[PDB]
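**Student:** Same order as they appear, the protein sequences are chains R, F and Y. Mind the numbering: the first sequence is residues 6 to 39, 54 to 142, 175 to 236, 240 to 655 in the UniProt record's numbering, read in order. Mind the numbering: the second sequence is residues 7 to 39, 53 to 98, 102 to 142, 176 to 234, 242 to 655 in the UniProt record's numbering, read in order. Mind the numbering: the third sequence is residues 8 to 39, 53 to 97, 102 to 119, 121 to 141, 176 to 235, 242 to 655 in the UniProt record's numbering, read in order.
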Amino acid sequence: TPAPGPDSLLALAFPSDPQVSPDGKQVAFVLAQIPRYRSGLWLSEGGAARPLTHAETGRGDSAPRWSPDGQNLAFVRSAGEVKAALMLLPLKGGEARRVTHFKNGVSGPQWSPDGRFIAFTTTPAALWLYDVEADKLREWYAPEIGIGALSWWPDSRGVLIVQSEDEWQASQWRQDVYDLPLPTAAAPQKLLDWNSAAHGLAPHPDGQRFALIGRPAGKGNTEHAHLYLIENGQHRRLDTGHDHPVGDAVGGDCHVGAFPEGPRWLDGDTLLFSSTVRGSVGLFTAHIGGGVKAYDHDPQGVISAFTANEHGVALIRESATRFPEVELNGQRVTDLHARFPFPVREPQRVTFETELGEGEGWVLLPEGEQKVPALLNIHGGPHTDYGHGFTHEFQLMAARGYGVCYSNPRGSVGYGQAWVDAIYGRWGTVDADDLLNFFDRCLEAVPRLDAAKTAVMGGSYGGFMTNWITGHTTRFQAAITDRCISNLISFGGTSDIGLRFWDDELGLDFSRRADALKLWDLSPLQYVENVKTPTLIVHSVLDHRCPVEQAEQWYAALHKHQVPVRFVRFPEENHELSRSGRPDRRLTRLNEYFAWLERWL
Amino acid sequence: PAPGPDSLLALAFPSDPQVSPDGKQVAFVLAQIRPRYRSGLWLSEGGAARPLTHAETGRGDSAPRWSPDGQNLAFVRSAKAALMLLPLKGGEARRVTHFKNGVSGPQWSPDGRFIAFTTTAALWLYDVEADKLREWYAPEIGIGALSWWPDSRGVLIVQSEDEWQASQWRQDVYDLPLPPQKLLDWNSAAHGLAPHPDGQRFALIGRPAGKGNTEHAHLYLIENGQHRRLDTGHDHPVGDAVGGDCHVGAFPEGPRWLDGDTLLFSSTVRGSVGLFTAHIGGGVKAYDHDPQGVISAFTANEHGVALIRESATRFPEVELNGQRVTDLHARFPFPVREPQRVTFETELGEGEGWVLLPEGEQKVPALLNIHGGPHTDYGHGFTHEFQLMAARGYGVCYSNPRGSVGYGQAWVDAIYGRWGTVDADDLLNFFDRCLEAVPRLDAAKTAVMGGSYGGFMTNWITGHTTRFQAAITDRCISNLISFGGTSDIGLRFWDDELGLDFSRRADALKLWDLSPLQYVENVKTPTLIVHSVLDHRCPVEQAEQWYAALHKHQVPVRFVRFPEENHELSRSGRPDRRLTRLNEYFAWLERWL
Amino acid sequence: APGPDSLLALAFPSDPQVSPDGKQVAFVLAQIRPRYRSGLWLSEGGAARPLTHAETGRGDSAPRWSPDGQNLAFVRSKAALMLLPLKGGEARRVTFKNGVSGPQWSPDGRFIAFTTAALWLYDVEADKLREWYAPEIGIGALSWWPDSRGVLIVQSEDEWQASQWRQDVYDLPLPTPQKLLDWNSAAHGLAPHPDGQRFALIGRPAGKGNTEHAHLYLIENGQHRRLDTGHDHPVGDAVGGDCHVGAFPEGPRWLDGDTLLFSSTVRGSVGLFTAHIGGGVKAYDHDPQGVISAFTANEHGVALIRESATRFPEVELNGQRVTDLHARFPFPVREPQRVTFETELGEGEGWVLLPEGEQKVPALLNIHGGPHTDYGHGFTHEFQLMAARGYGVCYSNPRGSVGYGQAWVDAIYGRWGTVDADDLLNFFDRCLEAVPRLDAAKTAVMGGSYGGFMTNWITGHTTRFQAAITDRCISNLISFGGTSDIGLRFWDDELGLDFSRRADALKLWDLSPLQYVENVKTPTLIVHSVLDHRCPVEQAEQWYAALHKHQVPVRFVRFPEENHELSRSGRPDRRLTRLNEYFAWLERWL
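Here's what the structure looks like:
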């Protein structure tokens, strides 16, 4: 195997959207491949998956959807002149046929269970309806604000949709569920007064009840997302006795494309869903009268996407040492980890003590026995987990001679609601303690880690924490702050989530004098005069979530203090690989990371 | 019907009044007609000026420079930017340079052998007799002011040592002979190099090291590395720092030696700009100073003087040796009205302001306008915006609070380190005296508005009193902390203006206590927010914070985000930004009064 | 009342390719100012289903079955060779800046031959390409030997022989060409015998000009014997019809070692026939009232396209219709009635298509081009549309037509404007007698190419017609000889005259309708393409200028698009505008 560099990424192909066939015997999925990445449809009937489409221009093909009779695949095509067109491909032979002709394209196609219709959105994006037998199209519903989740009733009489009433409620993450019948020209009638976060609609097979993922209106958005059964405007929690959130919230950098996680009824009593547990993501079943049981939970693995019906299940699975692979009914149908171009190593667990119990993290070491630099990596969120996702960046760091230290401080999401709530209103206290305590225990437990060549780095909240830590201790020899936050006041006015984020996470309103002062005392920029650590700053110019003004303030302050500093301003926004298939941003980012580490460690 | 913003399109804008070496002619630039403005050269030998070039594409022609023999005009043409030579006695202009990125700032050598200019920025040199071009000097940081020695042996140049000194606005003067040695240890702000006729000494505009850039810019004679102030007994800054919105293009103000003992310069005095002479042996004398007028640009030699002149009631006109040579005020499409003076008292003496009323006798809404800077003056510049406001039925109230620049150094220093105290007092005190002195002003239909520092002050005032019925904040500042990190002047601006460093904890808290956003919870006044998305001086994050805060408080608010940067009319000739800005101003005032 | 827009309701089939096992048929269908695009369709016995879908360019054409029956090669549009697995999957692009044409699989499935003009060869198993042969002059017909050892190709020696339609047959083995037949004449449609040595061709031996019927000839060691003996009719479809868009294969196919299947034009019809090595011709599928325009065959099955004067072209597989294209015709079709006339060579025939009702209707004499083609039992949308708009359409096969024996063709040799004009006016007079609904006071004459020559000739020799429409006309036979891309050979074959010879040129001038233009009084619409290489526009310019000088009402439509633009690019604008001009002129003068 050759010498690993950032270029190792280009050897990888990225799977997504594992769609099981209605009869449960096949899986169709998306694979992004090589320079620009483009995606095509792949198919497996139990054996090694085979390519079904091959794109040479544009972004490629995505969103495969089986017709209920199992004979056709609907999907979205992005070519040289087409933004995103709905296609129909007969599986028994022939070429795909273009069905829609929109300048701006379409997204999110869903067959009706009877195969008579395909719903999709196009431009707020309006909901359209394709009549399959009549080959006609018609605008179904044009919302004033926009449509969130969508699912057909099992009898194909209409769809349930999630939407807000105004921009203010959407900014506050408050939504309701509506019933929308097929048009006989017709308006949607409200079905549930939720006034809260809701997605992942799972209509019960009885045609009346339905499940959703979210939280009731009473609790803030730091509350674990849970499963709720809805019946005649009432709600009943289904994942009772399960102090863990629904969905995958574990880190990993090999997710390109759509990763469906919609709950699915295996029968009238059983609801299948995914859940994050201590750095892992497993499949579980909820019973219509309550109680969670494990369905497919490896405490050392991550199930990042799944589809299911009464006849089969398809999913994508990964671990800290295994690249994502597609499965059909427990049989791996891809050989994607074999493409990983250098050997992966096994992490070692290192724990630390907190007043709420033992916390955990991991150390990934390189080969050999010599002393190696120690890199403390901090995940964002902050309510996510490090753990058993596959992280090409971490394996590459170890392959280049660095010890990677990454943990789940208080504020992480997989260790119970109380672990999340520990940092509420006081970022920079017990979370910073846990991160520095964890790192100290790494230096003690692993003597190979060189205590004289250490660095701290993280993204988003991890960038906030990198700025906070370097402003409160000079112990680190290098720092890399990515998509950072430095000034909590200006963030509240500039971020597209600034109006609600600090209220949910800290109970503070930047537009209120007393709250603003508290936000300033929580801002790493107040303590910037103490920073002595050479810092690399990475940020997108057009970032709407963490505006680049956050990074500009940190750069200007360090520059004024004559602290060695380097500011990489990307013209591409984050997640550019998924957006256009161009890996340039990821490659340049990794290059800047290692160049900075090489100079100072 | 009442005139609207479209009245702007009736105007033509003069700039760069260049007197000929023999003092008998003046060449200048005129920008005239959304419809787009283009510039061409005009010429007058004493009578009505005539067009000399006619551009139909691009931005047009600029920077006319007389050849020493008086037979040719050099200028810059954008049809990017080419150096042209036009023989004045007959013929067509000839293109001389072939650069992709263009040229800027041409200056003939006094002997007529060379023309110096910059290009990317490197300094280049054109040999006139040889018709050859050649790179003179490629600085690492950049070149500021530039002037030829009188014997054409070389040039004096202003430049900094590093980017940090440039960020701190500290510069030195260098000697660069024909194809550089440090000539003056200045380590401070310097421009307007005016070489003495003796070939050894030279004067400059600026300030010595010690006090920050809030100190009045003055004239300094340099001799063998030593400096002595020349404009003594004159507690006023050099240059035009008076408001006005009919200045499009370049306005030269370089001091000029009328003889071996007399240096001609312009100076701002109590809302006016006049010409003065500083004498090598002696103080300052008035040369051409109307306390009710503004001389915005001038060129001079031993034989003649050319300038641009304006007042609060007179559109800018070009003059040659005291004779008006343009007819530009005649183009103003509606009658202009005369302001009345209203005074207010402070512990530093009497302050002054003005009220411009509409025709008639009925009550009219009262608009308090606040100038930016803050170290500039309102007063006797021509302001089309103010005349248009009065023509549409509004009483315009504009004053010079403490912090303004034309009333002595102490008037400037009163606000140092404490914006939002005595400056805000002076503005509301002045406005109260307006309501008292002018009964036509409607005390129940008032609005407050301003740009840059005036936008900071609009945000500050509405956060400390609900008295105003409407507010318009333009290119505002709302968060002094984030400004320090985002502004292209943020590293030095608060240090000079407030003695505060945003990167230091104790100073940052003081900056937050001076930030209008801390008090935003008190704002009840409907506010229009105007800002350019690409603003580098006042980043748009300043306006985004004010909008989001008012919107969260459910205060009526409107946020106009311009894709065009400020001064787009001078930049590309497109008046769309100014027209749209005025439309948004009046639509908001019509909605709330 | 229906107008020219009715054309846009139609979809046009072409290239019916039977599968090697004879159980399937793949063909091309072009369907919808709106533009026609073509895609591949497939039927295994039932209603055909679409197999490819093109949204840009002209579309897909030339489907060719893999010998194993699992893949389809085809051309996609400049023009790329594609391979589509029929049991599932997507098409793969296989090849060039200038595109491809005429793909043919080797019988063993190891190669695909094509042109791009150089001959190229695609190695299927190796997925490699290689130039096979780059001729100096060009390649004509091409067919693989049954053992896939090489190809037979038709070529001329120089440009002069090519202009004179003189060709030979060459043998080209697979690379790592020798002449096979001293033909020195016209040849195409190579049909290699299954024995790997002999082969048949369509054409004519040297001696008589190209007015001689094309026949079938079996080749053995440089010797030739006519195979379709006792059959005084030419090989191939030479019957008029305006619903043929795309390629219509007519290559003869050996059904066994003794039987060669071929098509032939007989009295306005085209049927399938078999020629036997040991004896005469027998009918295989010949309806005297129908037209088989294209066919492919093997030892296991046959696919074809069939039509009649009252039935739009449909695709068939082993006698079963697999398309429903006639159902798309947007107005009722009417049936023509036969009207005969007498000549010294026997009875001639024509047809009259009337409008609905019983009132008097104008009479439009239409003259087909060629001149050695037939009117009759092809489907003609233009004629049906004319009848739907109130016109009686009269169209016949005068002497010079091709389906009534060699003597019928030879009657006009060297003397256009004599017996052919007589037969046309004799037929038209019999129409007025036999069909009292035809209005003798509201008559018009019209035709294309040779029919335009004849429209010009007739109106220069009689004023009886109230209107005239001359299309792609010929007016000056002298200048035609020098300007036409066939001018060097056409008059020599058709008239025995050489325009570059003084005596012949005078004879050509006496045959030129422009000599007699001073007699024209009939208002004439002139239709011509500016870029026409076969009938240069100078032919129409002379007729327009002459009629205009005589102050005869005249209108000159100059199309920027060449003829057959619908087949060329899929744009029907030329055909729609042409029909609009036709009816506007007829509406003005009746």
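All residues carry an ideal CB built from backbone N, CA and C; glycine is no exception.
(1) Beta-carbon of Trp574 of chain R versus every beta-carbon of chain F: anything under 8 Å?
(2) Measure the CB-CB distance between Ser97 of chain F and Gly311 of chain F and report whether it falls below 8 Å.
(3) Determine the extent of the beta strand (DSSP E) in which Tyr478 of chain F is found, giving its start and end residues.
(4) Can you name the start and end residues of the beta strand (DSSP E) that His446 of chain R belongs to?
(5) If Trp130 of chain F sits next to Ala93 of chain F, beta carbons under 8 Å apart, how far is it from one beta carbon to the other, in whole angstroms?
(6) Terminal residues of the continuous alpha helix (DSSP H) containing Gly413 of chain Y?
(7) Counting along the chain, where does the beta strand (DSSP E) carrying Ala67 of chain Y start and finish?
(8) Assign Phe121 of chain Y to one of two classes, buried (16 or more other C-beta atoms within 10 Å of its C-beta) or exposed (fewer than that).
(9) Which value, in whole angstroms, describes the spacing of the CA atoms of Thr330 of chain R and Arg135 of chain Y?
(10) Please list the partners that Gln607 of chain F has in chain R, where partner means a Cβ-to-Cβ separation under 7 Å.
(11) Quick check: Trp319 of chain F and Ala392 of chain F, are their CB atoms within less than 8 Å of each other?
(12) For the alpha helix (DSSP H) holding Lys572 of chain F, just list the boundary residues, first then last.
(13) Whole angstroms are fine: how far does the CA of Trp191 of chain F sit from the CA of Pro234 of chain F?
(14) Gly112 of chain F: which of F:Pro353, F:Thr361, F:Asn91 sits nearest, CA to CA?
(15) List the DSSP bridge partners of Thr524 of chain R.
(16) Ends of the beta strand (DSSP E) at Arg502 of chain Y?
(17) Report the residue from Y:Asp247, Y:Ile267, Y:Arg332 whose alpha carbon sits nearest the alpha carbon of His253 of chain Y.
(18) Are the stretch 499 to 512 of chain F and the stretch 566 to 575 of chain F touching by the rule of at least three beta carbon pairs closer than 8 Å?
(19) I need the boundaries of the alpha helix (DSSP H) containing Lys586 of chain F, first residue and last residue.
(20) Report the rounded CA-to-CA distance for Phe264 of chain Y versus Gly344 of chain Y, giving the unit in angstroms.
(21) At least one CB of chain R closer than 8 Å to the CB of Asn275 of chain F: is that the case?
(22) How about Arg117 of chain R: is its C-beta nearer than 8 Å to some C-beta of chain Y?
(23) Using only CA atoms, which one of R:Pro128, R:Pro87, R:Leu71 lies nearest to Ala115 of chain Y?
(24) State yes or no: is the beta carbon of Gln220 of chain R nearer than 8 Å to at least one beta carbon in chain F?
(25) Going along chain R, which residues have a C-beta under 7 Å from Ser565 of chain F?
(26) Is the stretch 447 to 463 of chain F touching the stretch 404 to 422 of chain F, taking contact as three or more C-beta pairs under 8 Å?
(27) Roughly how many angstroms separate the alpha carbons of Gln616 of chain R and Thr589 of chain R, rounded to a whole number?
(28) Would you call the stretch 539 to 546 of chain F in contact with the stretch 460 to 468 of chain F, where contact means no fewer than 3 C-beta pairs closer than 8 Å?
(29) Under 8 Å, CB to CB, which of the residues in the stretch 67 to 84 of chain Y have a partner in chain R?
(30) Let me check understanding here. Comparing Cα to Cα, which of Y:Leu655, Y:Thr276, Y:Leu490 lies closest to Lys425 of chain Y?
(31) Can you pull the chain F neighbours of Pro625 of chain R, defined as C-beta to C-beta under 8 Å?
(32) Identify the contact partners of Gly112 of chain Y in chain R, using a Cβ-Cβ distance below 7 Å as the criterion.
(33) Count the other CB atoms, across all protein chains shown, that sit within 10 Å of the CB of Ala8 of chain R; report buried if there are 16 or more and exposed otherwise.
(34) Rounding to the nearest angstrom, what Cα-Cα distance links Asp206 of chain F and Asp133 of chain F in this structure?
(35) Which residue spans inside the stretch 288 to 342 of chain F form an unbroken beta strand (DSSP E) run of at least 3?
(36) Does DSSP classify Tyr181 of chain Y as helix, strand or coil?
**Tutor:** Put simply:
(1) yes
(2) no
(3) First-last for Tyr478 of chain F: undefined, no H or E at that position.
(4) First-last for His446 of chain R: 446 to 453, but that is the alpha helix (DSSP H), not the beta strand (DSSP E).
(5) 7 Å
(6) Per DSSP, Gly413 of chain Y belongs to no alpha helix (DSSP H); it is in the beta strand (DSSP E), 411 to 418.
(7) It is not in any beta strand (DSSP E) - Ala67 of chain Y carries neither H nor E in the DSSP assignment.
(8) exposed
(9) 56 Å
(10) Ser544, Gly547, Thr548
(11) no
(12) 567 to 575
(13) 7 Å
(14) F:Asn91
(15) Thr524 of chain R is not bridged to any residue.
(16) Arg502 of chain Y -> no beta strand (DSSP E), and no H or E assigned at all.
(17) Y:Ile267
(18) no
(19) Careful: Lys586 of chain F lies outside any alpha helix (DSSP H) and carries neither H nor E.
(20) 17 Å
(21) no
(22) yes
(23) R:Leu71
(24) no
(25) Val582, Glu583, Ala611, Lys614, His615
(26) yes
(27) 11 Å
(28) no
(29) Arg69, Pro70, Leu71, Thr72, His73, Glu75, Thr76
(30) Y:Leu655
(31) Per Cβ cutoff of 8 Å: no residues; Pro625 of chain R is ~14 Å from chain F at best.
(32) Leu110, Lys111, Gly112
(33) exposed
(34) 7 Å
(35) 288 to 291, 324 to 331, 334 to 341
(36) strand
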